[PDB]
Protein chains: 4
Amino acid sequence: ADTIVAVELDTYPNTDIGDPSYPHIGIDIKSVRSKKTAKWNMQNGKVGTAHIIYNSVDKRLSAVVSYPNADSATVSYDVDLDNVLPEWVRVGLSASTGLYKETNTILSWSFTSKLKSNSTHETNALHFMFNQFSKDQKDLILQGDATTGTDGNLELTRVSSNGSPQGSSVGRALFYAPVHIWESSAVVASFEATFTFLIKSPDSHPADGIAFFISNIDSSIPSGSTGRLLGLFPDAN
Amino acid sequence: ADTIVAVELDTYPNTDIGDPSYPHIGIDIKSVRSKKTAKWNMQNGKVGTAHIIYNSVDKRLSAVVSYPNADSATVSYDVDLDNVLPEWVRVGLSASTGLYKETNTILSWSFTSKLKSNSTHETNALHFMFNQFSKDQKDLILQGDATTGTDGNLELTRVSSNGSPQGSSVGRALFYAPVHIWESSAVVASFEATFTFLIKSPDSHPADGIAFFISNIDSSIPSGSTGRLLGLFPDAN
Amino acid sequence: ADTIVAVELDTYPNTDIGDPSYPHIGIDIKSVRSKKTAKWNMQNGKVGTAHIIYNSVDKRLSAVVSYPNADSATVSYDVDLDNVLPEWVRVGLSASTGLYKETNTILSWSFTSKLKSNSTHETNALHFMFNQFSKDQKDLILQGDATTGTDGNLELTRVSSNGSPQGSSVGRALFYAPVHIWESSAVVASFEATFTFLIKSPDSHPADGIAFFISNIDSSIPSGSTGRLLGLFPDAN
Amino acid sequence: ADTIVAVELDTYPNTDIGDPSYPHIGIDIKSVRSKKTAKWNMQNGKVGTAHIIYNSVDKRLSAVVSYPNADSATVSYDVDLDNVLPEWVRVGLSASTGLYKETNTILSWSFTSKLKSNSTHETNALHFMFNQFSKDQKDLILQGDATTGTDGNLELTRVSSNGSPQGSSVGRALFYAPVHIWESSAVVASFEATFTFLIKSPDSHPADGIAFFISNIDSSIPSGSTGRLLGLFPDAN
Ligand SMILES: CC(=O)N[C@H]1[C@H](O[C@@H]2[C@@H](OC[C@H]3O[C@H](O)[C@@H](O)[C@@H](O[C@H]4O[C@H](CO)[C@@H](O)[C@H](O)[C@@H]4O[C@@H]4O[C@H](CO)[C@@H](O)[C@H](O)[C@H]4NC(C)=O)[C@@H]3O)O[C@H](CO)[C@@H](O)[C@@H]2O)O[C@H](CO)[C@@H](O)[C@@H]1O
Ligand SMILES: CC(=O)N[C@H]1[C@H](O[C@@H]2[C@@H](OC[C@H]3O[C@H](O)[C@@H](O)[C@@H](O[C@H]4O[C@H](CO)[C@@H](O)[C@H](O)[C@@H]4O[C@@H]4O[C@H](CO)[C@@H](O)[C@H](O)[C@H]4NC(C)=O)[C@@H]3O)O[C@H](CO)[C@@H](O)[C@@H]2O)O[C@H](CO)[C@@H](O)[C@@H]1O
Ligand SMILES: CC(=O)N[C@H]1[C@H](O[C@@H]2[C@@H](OC[C@H]3O[C@H](O)[C@@H](O)[C@@H](O[C@H]4O[C@H](CO)[C@@H](O)[C@H](O)[C@@H]4O[C@@H]4O[C@H](CO)[C@@H](O)[C@H](O)[C@H]4NC(C)=O)[C@@H]3O)O[C@H](CO)[C@@H](O)[C@@H]2O)O[C@H](CO)[C@@H](O)[C@@H]1O
Ligand SMILES: CC(=O)N[C@H]1[C@H](O[C@@H]2[C@@H](OC[C@H]3O[C@H](O)[C@@H](O)[C@@H](O[C@H]4O[C@H](CO)[C@@H](O)[C@H](O)[C@@H]4O[C@@H]4O[C@H](CO)[C@@H](O)[C@H](O)[C@H]4NC(C)=O)[C@@H]3O)O[C@H](CO)[C@@H](O)[C@@H]2O)O[C@H](CO)[C@@H](O)[C@@H]1O
Ligand SMILES: [Ca+2]
Ligand SMILES: [Ca+2]
Ligand SMILES: [Ca+2]
Ligand SMILES: [Ca+2]
Ligand SMILES: [Mn+2]
Ligand SMILES: [Mn+2]
Ligand SMILES: [Mn+2]
Ligand SMILES: [Mn+2]
């Protein structure tokens, strides 16, 4: 079973499995039942921005989601990633739909990871920035229904040619190269991710959400993880 | 008076004004009496590295000081900088000696500040990195006994030609350009500073320490700030 | 008697002083009479992007100006900056209008300067990025009619309250901190500048242009350098 | 066959296949017979630094190799990479030994690639920096005799326990993720690579050299490319 650490932008509330009674953002550590959440005033049809940050000194994972001229939603949680994730991982974006749908369009995504070992200026780093996605994005591993190229955007879940979202869809996009997230000999290790999305829904209550996640290198979409499971978890435990 | 926020690498314990009975690192908010401190195993004659970080989401200021092949001292403190510092500040390094002395050599210094406002990828940033200092460092405002050029280093406090430290010396070096540390319309604001130093001392107990600070633009060394005041405070209150 | 090195986005052809008989971009070394130019299909009312680059290895200064879904204008020129500019300079943007006007709006501006001396990874660098300008931009030195704040933009030349550009106007904005552009002991020295502008003109032929420039630290707008002189030169020599 | 663009630090002169009669640095475009070379005063036993740069505006590939306190060798060549390399490539380091040997130790390696298309601040970038290599470097694809971990360095060619180099050895190390080197809709595309090496040789004339290269994603060591072929070319055409 995959080891997952994710920050979810949960648009549909599934109270039966622990979700709060409204759209929210949460920090999930190995389970879809968020260890911490915050109310999120999702704005249907508007481009928003998510920013995730973490550093080994504070051992605190935080996320801020906001829309232009609007209050931002903030969530933070104390977690020592050394004891949760393996040394090498893959980072990515996941999204899903179930009975209800929504577009899970990613317009830009950037990631920076830095490791500082016990030495002078000896800092190892990885940084990638996508402000436009091409049809053949060789450095991205697309899983499920995720596709790129449509107007230079990344569509995590299935969308029809006329532009409408489909139900029962799952898709992920992971950066090709493995990332060295931590090391026992690192004085300081830190990462930062940012991505802009566009969640549009024609129906009543949009579903299900988008999630930025970190996982074991060989992770793949668990079978039957559409809907509430966000393409990350095998069950709702 | 000046508004000061600093991270001190205090080498001499002044128990009468609140210092712990050993060398330590501390976080000072408008007072030399550190709001929080941590034991620091200072290594006389060795080059060490200090790393300070802060972000508006966690509103937590942290510092890590370490020497190659040795544990690192860490100190953190929750503080909302919007309520302590003016919108525009100047960042710098300060050091002093009193009855006892030590060299306060800075071998490198780097700083990165980022402000993200309510817009797409509209991030304002400033970054400077000095790995060598010249005799005529036009982008540094030197105050007190601070000088540059000797072997490409920055000597905060007075050192004679033969290479030995002088007592009752104070010196600071501030980056020329003002830094926009925070803004009411910022989704995320964060900064990071790093510097390597070399504290060498002929005497028994070295004194007094080095400090990375942030202050009002027009700040200058308070009178009598040699010794325990680290060139930052006018009194010990 | 300022030393000026500039890349001009010349909107009005002043053939009496050497201009080609059409809008163009040019590389000026100490004189308004460009050492090299290239035809530029200026698009009234549209946001464009200028990108300037230079490195001490090739000792070649190049610039590219372009608008979306349009051909870009390119101009390059071989010049050893060590022999033209002082070691320390200030970088900035300049603009002017004469009998004819146009708005000289700057929507963003970034600059990166790197110096690599004779040592291991010993690189000195400076980088600043403005994606939004505030009313009180303390890190910018505004000269002439230049102002900031209007919608988060930088208006190099005077614009009335309704939005119409004014004739006979000059404005410049220089980054506060001096920049160490070159050093005799540098293995590699290089810089890069990028800025987006919006030139709008209600009249027949727009005038006069915008220019990215590098100068001696104490430079200021020369007397009567409105119009064709772009706020950079004292005369048309 | 593979498409190769490389910058070689050739330590052994093979006059028969076109090499100058002294150690040199050269730019190879699809052939081991450099399109341009420059004399290189290789210093056996000392750590050196290579720096490669290129940009689509000047369409010029340049390299600078140097040792602390010594003049540097420089070589440049005009080449439009859009017409030589496929859109997606992999970048790496190669080295080989033949009848004669030398150690081809890489102590650090960094690369930055940027693509700016017809859009506002829409820049795609990739950057990685290794200042230490681990035993299990998951983001590197090691080919041939290349190994990592020995004192935190990357040994491109076979070396023994006591530290001496072996003859008839070839090794390469490519960054895991493919790199989007150019795009028809890019206003500016550029890259920069830097690496520090240590060439030590106990015998008469060291051989054969180190090379930084760019190739088609699926490139692999051609059969019998030890010696003068540098693990890059199938023959000496
Ligand atoms: C076709 C498909 O892709 N199927 C996926 C599947 O998707 C799930 C599907 O769920 C539809 C409904 O399923 C159940 O009936 C309920 O869970 C229902 O949720 C509402 O009711 C439950 C129980 O009463 C509540 O706990 C839950 O919070 C929710 O409440 C409703 O919330 C709205 C908004 O707040 C409110 O306005 C309503 O009043 C409130 N209803 C009530 C009665 O109070 C589901 O709607 O589609 C969902 C949305 O797309 C997914 O989230 C579901 O997962 O999932 C499985 C497993 O993950 C997958 O394998 C399958 O392919
Ligand atoms: C010349 C100059 O620049 N003067 C500065 C001046 O510098 C100060 C000066 O202080 C010297 C001594 O001053 C007092 O005598 C004491 O504060 C003494 O400190 C020891 O004693 C006090 C009081 O008993 C203790 O509270 C304090 O912790 C310290 O204790 C001693 O600590 C050592 C190490 O742990 C231990 O080995 C001893 O056993 C212990 N002593 C006892 C009795 O227990 C000072 O030494 O020089 C200092 C060092 O350079 C500075 O830190 C002082 O600031 O400062 C003023 C005001 O800031 C400035 O204006 C002036 O120019
Ligand atoms: C009020 C103010 O700010 N004054 C500035 C002043 O600004 C200058 C002013 O110039 C206006 C005209 O001045 C002269 O009459 C001419 O130079 C004229 O330029 C045209 O004519 C000359 C000479 O014949 C040509 O060499 C030149 O290319 C231009 O040609 C005309 O171009 C258009 C477009 O291509 C074409 O359609 C016309 O047919 C063609 N005319 C002819 C006869 O062929 C000036 O227009 O305003 C200018 C524009 O705003 C500025 O560029 C001028 O500098 O400048 C001084 C000194 O710099 C400053 O101190 C003063 O305050
Ligand atoms: C074991 C192995 O890995 N083999 C590789 C193989 O490696 C090659 C091998 O070459 C050894 C010698 O091979 C021939 O004898 C010559 O090419 C010789 O080179 C010298 O002589 C030629 C011809 O006369 C000159 O053109 C050439 O420049 C060189 O000149 C000598 O240079 C020195 C220094 O300037 C000077 O002092 C000498 O006087 C001068 N000699 C003369 C006669 O003038 C080779 O030495 O090992 C080499 C070094 O390790 C490799 O570079 C060779 O490639 O290569 C093949 C093909 O790539 C590979 O498949 C095989 O596995
Ligand atoms: Ca949910
Ligand atoms: Ca003290
Ligand atoms: Ca003109
Ligand atoms: Ca050779
Ligand atoms: Mn949830
Ligand atoms: Mn203290
Ligand atoms: Mn002109
Ligand atoms: Mn050669």
# chains A, B, ... in the order shown; residues from 1 in each chain; ligands from 1
$ interface_residues --of "chain A" --to "chain D" --cutoff "9 Å" --atoms "only C-alpha atoms" --output "ChimeraX atom specification"
/A:88,117,121-133,137-140,175-180
$ write_last_selection --atoms "N, CA and C atoms" --output "short mmCIF file (atom, residue, chain, number, x, y, z; two decimals), in the first residue's frame"
data_model
loop_
_atom_site.label_atom_id
_atom_site.label_comp_id
_atom_site.auth_asym_id
_atom_site.auth_seq_id
_atom_site.Cartn_x
_atom_site.Cartn_y
_atom_site.Cartn_z
N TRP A 88 13.32 8.85 -0.79
CA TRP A 88 13.07 9.26 -2.17
C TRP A 88 11.60 9.11 -2.47
N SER A 117 23.25 19.63 3.61
CA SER A 117 23.99 18.67 4.45
C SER A 117 25.04 19.32 5.36
N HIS A 121 27.97 25.52 2.08
CA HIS A 121 27.18 25.76 0.88
C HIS A 121 26.78 24.49 0.14
N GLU A 122 27.04 23.34 0.76
CA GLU A 122 26.68 22.10 0.12
C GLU A 122 25.18 21.91 0.26
N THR A 123 24.49 22.42 -0.75
CA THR A 123 23.04 22.36 -0.84
C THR A 123 22.66 21.64 -2.12
N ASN A 124 21.78 20.65 -2.02
CA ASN A 124 21.34 19.92 -3.21
C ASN A 124 19.96 20.48 -3.44
N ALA A 125 19.62 20.73 -4.70
CA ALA A 125 18.31 21.29 -5.00
C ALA A 125 17.70 20.83 -6.30
N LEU A 126 16.37 20.88 -6.34
CA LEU A 126 15.59 20.50 -7.51
C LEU A 126 14.49 21.54 -7.66
N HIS A 127 14.29 22.03 -8.87
CA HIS A 127 13.27 23.00 -9.10
C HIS A 127 12.74 22.89 -10.50
N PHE A 128 11.42 22.91 -10.62
CA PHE A 128 10.78 22.82 -11.92
C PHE A 128 9.60 23.78 -11.93
N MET A 129 9.34 24.39 -13.08
CA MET A 129 8.22 25.32 -13.18
C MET A 129 7.51 25.18 -14.51
N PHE A 130 6.21 24.89 -14.47
CA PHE A 130 5.41 24.74 -15.69
C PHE A 130 4.37 25.83 -15.70
N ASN A 131 4.41 26.68 -16.71
CA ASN A 131 3.45 27.77 -16.83
C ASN A 131 2.61 27.51 -18.07
N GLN A 132 2.95 26.42 -18.74
CA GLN A 132 2.28 26.00 -19.95
C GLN A 132 2.63 24.53 -20.10
N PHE A 133 1.64 23.70 -20.45
CA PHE A 133 1.87 22.28 -20.62
C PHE A 133 1.68 21.97 -22.09
N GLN A 137 4.22 16.12 -22.95
CA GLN A 137 4.98 16.58 -21.80
C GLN A 137 5.82 15.41 -21.25
N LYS A 138 6.92 15.11 -21.93
CA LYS A 138 7.80 14.01 -21.53
C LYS A 138 8.33 13.94 -20.11
N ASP A 139 8.33 15.05 -19.38
CA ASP A 139 8.83 15.03 -18.02
C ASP A 139 7.74 14.79 -16.99
N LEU A 140 6.54 14.53 -17.46
CA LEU A 140 5.43 14.28 -16.56
C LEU A 140 4.93 12.88 -16.81
N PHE A 175 5.83 14.36 -11.37
CA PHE A 175 7.04 14.82 -12.05
C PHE A 175 7.87 13.57 -12.30
N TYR A 176 8.41 13.45 -13.49
CA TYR A 176 9.21 12.30 -13.85
C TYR A 176 10.34 11.87 -12.91
N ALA A 177 11.20 12.80 -12.53
CA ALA A 177 12.32 12.50 -11.65
C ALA A 177 11.97 12.34 -10.18
N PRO A 178 12.56 11.35 -9.52
CA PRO A 178 12.33 11.09 -8.10
C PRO A 178 12.92 12.28 -7.36
N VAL A 179 12.40 12.61 -6.19
CA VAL A 179 12.90 13.73 -5.41
C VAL A 179 13.44 13.22 -4.10
N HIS A 180 14.59 13.74 -3.70
CA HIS A 180 15.19 13.32 -2.45
C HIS A 180 14.63 14.25 -1.38
#
$ residues_around --residues "residue 135 (chain D)" --least-positions-apart "5" --cutoff "12 Å" --atoms "only C-alpha atoms" --output "NGL selection string"
:D and (140 or 142 or 146-155)
$ residues_near_ligand --ligand "ligand 6" --cutoff "6 Å" --atoms "only C-alpha atoms and all ligand atoms" --output "ChimeraX atom specification"
/B:10,12-14,208,228
$ residues_near_ligand --ligand "ligand 5" --cutoff "9 Å" --atoms "only C-alpha atoms and all ligand atoms" --output "PyMOL selection string"
chain A and resi 9-15+17-20+23-24+32+207-209+227-230
$ write_last_selection --atoms "C-alpha atoms" --output "PDB file, in the first residue's frame"
ATOM      1  CA  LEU A   9      -8.744  20.967  -1.962  1.00  0.00           C
ATOM      2  CA  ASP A  10     -11.885  18.985  -1.122  1.00  0.00           C
ATOM      3  CA  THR A  11     -14.916  20.442  -2.939  1.00  0.00           C
ATOM      4  CA  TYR A  12     -17.594  17.888  -1.970  1.00  0.00           C
ATOM      5  CA  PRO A  13     -18.383  17.065   1.657  1.00  0.00           C
ATOM      6  CA  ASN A  14     -18.672  13.363   2.506  1.00  0.00           C
ATOM      7  CA  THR A  15     -19.680  13.535   6.157  1.00  0.00           C
ATOM      8  CA  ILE A  17     -16.351   9.490   6.121  1.00  0.00           C
ATOM      9  CA  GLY A  18     -15.319  12.413   8.329  1.00  0.00           C
ATOM     10  CA  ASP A  19     -15.564  15.418   6.020  1.00  0.00           C
ATOM     11  CA  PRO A  20     -16.740  18.709   7.530  1.00  0.00           C
ATOM     12  CA  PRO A  23     -15.839  22.620   0.994  1.00  0.00           C
ATOM     13  CA  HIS A  24     -12.449  22.594   2.702  1.00  0.00           C
ATOM     14  CA  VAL A  32      -8.367  10.380   3.389  1.00  0.00           C
ATOM     15  CA  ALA A 207     -17.062  17.159  -6.760  1.00  0.00           C
ATOM     16  CA  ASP A 208     -14.638  15.803  -5.816  1.00  0.00           C
ATOM     17  CA  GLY A 209     -11.436  17.778  -5.521  1.00  0.00           C
ATOM     18  CA  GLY A 227     -15.067  10.164  -6.058  1.00  0.00           C
ATOM     19  CA  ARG A 228     -14.263  10.851  -2.388  1.00  0.00           C
ATOM     20  CA  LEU A 229     -10.965   8.949  -2.518  1.00  0.00           C
ATOM     21  CA  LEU A 230      -9.332  11.607  -4.784  1.00  0.00           C
TER      22      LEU A 230
END
$ residues_around --residues "residue 58 (chain C)" --least-positions-apart "3" --cutoff "9 Å" --atoms "only C-alpha atoms" --output "PyMOL selection string"
(chain C and resi 54-55+61+78-80) or (chain D and resi 60+62+76)
$ write_last_selection --atoms "N, CA and C atoms" --output "PDB file, in the first residue's frame"
ATOM      1  N   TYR C  54      23.276  39.540 -21.436  1.00  0.00           N
ATOM      2  CA  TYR C  54      24.689  39.800 -21.672  1.00  0.00           C
ATOM      3  C   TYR C  54      25.563  38.902 -20.812  1.00  0.00           C
ATOM      4  N   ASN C  55      26.710  38.491 -21.336  1.00  0.00           N
ATOM      5  CA  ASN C  55      27.621  37.641 -20.573  1.00  0.00           C
ATOM      6  C   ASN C  55      29.041  38.005 -20.998  1.00  0.00           C
ATOM      7  N   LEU C  61      25.819  41.904 -26.234  1.00  0.00           N
ATOM      8  CA  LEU C  61      24.596  42.415 -25.639  1.00  0.00           C
ATOM      9  C   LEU C  61      23.461  42.184 -26.626  1.00  0.00           C
ATOM     10  N   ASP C  78      28.366  43.439 -30.347  1.00  0.00           N
ATOM     11  CA  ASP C  78      29.538  43.037 -29.589  1.00  0.00           C
ATOM     12  C   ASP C  78      30.109  44.228 -28.845  1.00  0.00           C
ATOM     13  N   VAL C  79      30.147  44.133 -27.525  1.00  0.00           N
ATOM     14  CA  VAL C  79      30.677  45.207 -26.698  1.00  0.00           C
ATOM     15  C   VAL C  79      31.246  44.688 -25.377  1.00  0.00           C
ATOM     16  N   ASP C  80      32.491  45.046 -25.096  1.00  0.00           N
ATOM     17  CA  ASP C  80      33.135  44.619 -23.864  1.00  0.00           C
ATOM     18  C   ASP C  80      32.800  45.675 -22.812  1.00  0.00           C
TER      19      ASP C  80
ATOM     20  N   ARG D  60      24.636  30.795 -29.808  1.00  0.00           N
ATOM     21  CA  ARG D  60      26.060  30.595 -29.568  1.00  0.00           C
ATOM     22  C   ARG D  60      26.304  29.730 -28.329  1.00  0.00           C
ATOM     23  N   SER D  62      28.960  28.382 -25.683  1.00  0.00           N
ATOM     24  CA  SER D  62      30.287  28.705 -25.165  1.00  0.00           C
ATOM     25  C   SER D  62      30.645  27.929 -23.925  1.00  0.00           C
ATOM     26  N   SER D  76      33.972  28.971 -28.203  1.00  0.00           N
ATOM     27  CA  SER D  76      32.602  29.313 -28.566  1.00  0.00           C
ATOM     28  C   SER D  76      32.360  28.843 -29.980  1.00  0.00           C
TER      29      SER D  76
END
$ closest_residue --among "A:224, A:104, A:87, A:197" --to "residue 185 (chain A)" --atoms "only C-alpha atoms"
A:87
$ atom_distance --atom1 "CA of residue 203 (chain A)" --atom2 "atom 1 (Mn, counted along the ligand's line) of ligand 9"
19.6 Å
$ select_by_dssp --residues "region 20-232 of chain B" --states "helix (DSSP H, G or I)" --output "list in words"
residues 81, 82, 83, 150, 151, 152, 227, 228 and 229 of chain B
